[PDB]
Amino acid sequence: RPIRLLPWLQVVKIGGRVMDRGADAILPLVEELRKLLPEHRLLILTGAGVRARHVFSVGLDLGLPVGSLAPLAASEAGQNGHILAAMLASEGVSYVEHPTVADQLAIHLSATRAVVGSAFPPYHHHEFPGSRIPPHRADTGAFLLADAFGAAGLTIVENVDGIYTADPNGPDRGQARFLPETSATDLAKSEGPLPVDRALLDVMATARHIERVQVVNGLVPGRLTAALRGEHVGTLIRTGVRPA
């Protein structure tokens, strides 16, 4: 299998809908990230959240194809990244652009303890067709990067405890059961909504390094800290990479 480029790296994906909650969610998360900086070397990647739904609304009404919508959504994840990095600027943290993440991440993590980037991948107008919604979104881009780097982990920071058998905020809310642990292949065989991109499950199937990804509730202070130490506080997704 490929070498690990940055084996000491921890990648943390912050859901766009967590950022959407504003200061009430962001300020505790920023304080927790602050305390984590001396403990881990962090690549912090932000998702897009509700503003990408709005630009999808407009773009789909205009008839635009999925490759047009992909960079429009990615923009929102970048904006979330700029916001989060600004809150950590006094700790030496800045937002870095995609080409910088791709080619210069090692030097930037040597300069400072953490950087922030967009979790969306730069598929741009080369997004895959099929769905009118861009498939390769924030979870997927963050995993692709974390696995490409051979990072020590990817933790997905959600606005819910983890993955349930139904949308815990949706119409079937009542029968939604929490899943402490699952495999990507099991999730891929299920129909129904998930808190993670369906394409995340696909890229987990071809993964080379990351064995497990934990989805944890960023609205509960301490869960991200526990997850980065491997404590089981959300849903563990086994990727199907086997350990030695």
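All residue numbers are counted from 1 along the displayed sequence.
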Do the C-alpha atoms of 86 to 94 or of 122 to 130 have the higher average B factor in the entry? 122 to 130
Going by the B-factors listed in the PDB entry, is the mean over the C-alpha atoms higher for 61 to 69 or for 185 to 193? 185 to 193
Using only the C-alpha B-factors in the record, can you name which of 150, 168, 141, 81 has the highest? 168
Go through 157, 102, 77, 116 one by one and give the residue whose Cα B-factor in the PDB entry is largest. 102
How does residue 13 rank on Cα B-factor within its chain, lowest, middle or highest third? lowest
Record-listed C-alpha B factor of residue 145: chain third: middle
Where the record places residue 6 (Cα B-factor, split into thirds across the chain): lowest
Chain thirds by Cα B factor, record data; residue 34 belongs to the lowest
By the record's CA B-factor, is residue 48 among the lowest, middle or highest third of residues in the chain? lowest
